[PDB]
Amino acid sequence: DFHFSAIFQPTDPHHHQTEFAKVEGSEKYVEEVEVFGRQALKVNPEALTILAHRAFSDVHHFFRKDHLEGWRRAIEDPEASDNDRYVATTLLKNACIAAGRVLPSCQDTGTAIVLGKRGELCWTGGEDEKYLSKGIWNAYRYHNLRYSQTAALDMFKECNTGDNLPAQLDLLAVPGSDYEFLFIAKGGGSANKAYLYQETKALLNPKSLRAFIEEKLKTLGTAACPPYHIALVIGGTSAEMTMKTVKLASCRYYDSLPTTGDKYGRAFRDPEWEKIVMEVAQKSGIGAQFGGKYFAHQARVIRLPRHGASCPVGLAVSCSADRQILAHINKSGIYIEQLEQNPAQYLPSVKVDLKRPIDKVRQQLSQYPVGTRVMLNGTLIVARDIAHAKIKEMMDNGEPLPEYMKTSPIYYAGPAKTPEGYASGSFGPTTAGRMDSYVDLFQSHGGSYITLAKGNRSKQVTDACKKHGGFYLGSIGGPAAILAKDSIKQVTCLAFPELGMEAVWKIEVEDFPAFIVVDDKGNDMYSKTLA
């Protein structure tokens, strides 16, 4: 009466649908042998270093076809808004710059994640984590990427690790003699838009599920640089299993799952509800960051088994920096997913002078409604999470708001490393919402009247800007390389150099595009679509 049924039963478990290139000469790192009557594979662990290094290098300069096609679709669709087409065009041009292999597509070169599946008879010597980490260390050290990992010395005292380690290394034991991988360079912004809900049987009917989807998609907002790959997971054997599944779904790792369930409780993709998610996304009007039809590229919906008392639900996105690479090691050597090296084939405002007293800039901005596209020229002061926290602490000790918070618009950003001979490394915005708790306080103390970042912000910021005569400008989110190449002319570290990328910077920009998102009158260009 016993019948074993794996939860996940992909029809393409080895991802034959993906194109791979072999690393030249890599057959020298492997040797097929036969032990106690079974086929095995000896793998020199140096292969793991070589592979991780190449994967976490390549992935910052190239994209998958389903990602690129999405941007082309947003540009060619008659039903797309002007803002849809503008954002999609900008991201594709950004991808073209990144394919030059010098600037990464986003300044946030992400957390390094490895899903590895080592066969029972795949023998590495066992030091996989160290050799994988060395390859990751190599990728981030010798390329123009960014060190984004923050170590906790105690509960509150932190420092940058200075090398983008530690990685997330999930190494699984599986049948056979090969070694298979999914590498993810996961941006913090989209990592933050991974949500867990604890629901019940009361959710599990068409009317309730539909309303739930409408509600939760809005809470994604524009803060992770849409168009999104949206993943939804209904059910799961535990919260952590539900969240792992929604991550992998967003990476299209589970695309070959069955599309029907059975009495043994197997997982399945649900194309019907994928279509419903896409309809909700399109009809939301949220669009590709600034209103329109292209809130989402595509959707993945996986239904999982559940304990009778439980219904975990996971929602997550892959952002404009859509970065994953499949790979495997076998008797012929090292194979790595081939990304699109020619993104160009997918390609078919008010001037604001910052070189004035900031009150003059505020005055000019006040003349325009939210939704107005502006082009910024001049000085930006750059500060994000830790600098804001330090500055609040200083003021709490009676010290003044620093002068540099009062002279210029505040750009929330952290740069990637500067290539030799370049003015700037990749240098796009980080998410505005994380700084919301500082705005009223800083404005009340005569600073941060104008901020520049991406994403919708909370009502406290709208109220602050109305009370103090302030403004929030939304940069396009994602196009870090073209911004660095065309707009950023000079970069200087101003304060807190120990914070690395999170130091305060002073930069000079030309033709820097943005939208007026919040004005000085109580208006918010997201108030209709993200209410």
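Throughout, rigid core stands for the largest set of C-alpha atoms superposing within 1.5 Å between the two forms. The first residue of the sequence shown is number 1, and the count goes up from there.
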Greater root mean square CA deviation, 147-155 compared with 401-409 in 4 other deposited structures of this protein, core aligned: 401-409
Between 325-333 and 391-399, the one whose CA atoms sit farther away in 4 other deposited structures of this protein (rigid core aligned): 391-399
Deposited but uncoordinated residues in the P348/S349 interval: 10 or more
Residue stretch of maximal mean CA temperature factor, 117-125 vs 366-374: 366-374
Residue stretch of maximal mean CA temperature factor, 319-327 vs 440-448: 440-448
Largest Cα B-factor, entry values, listed residues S250, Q338, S284, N164: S284
Out of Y86, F156, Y264, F183, residue topping the C-alpha B-factor column of the entry: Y86
Ranked against its chain, the third holding the CA B-factor of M243: lowest
Third assignment of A47 from its chain's C-alpha B-factors: middle
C96 - which third its CA temperature factor falls in, relative to the rest of the chain: highest
Chain thirds of CA B-factor: placement of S81: highest
Relative C-alpha B-factor of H53, binned into the chain's lowest, middle or highest third: lowest
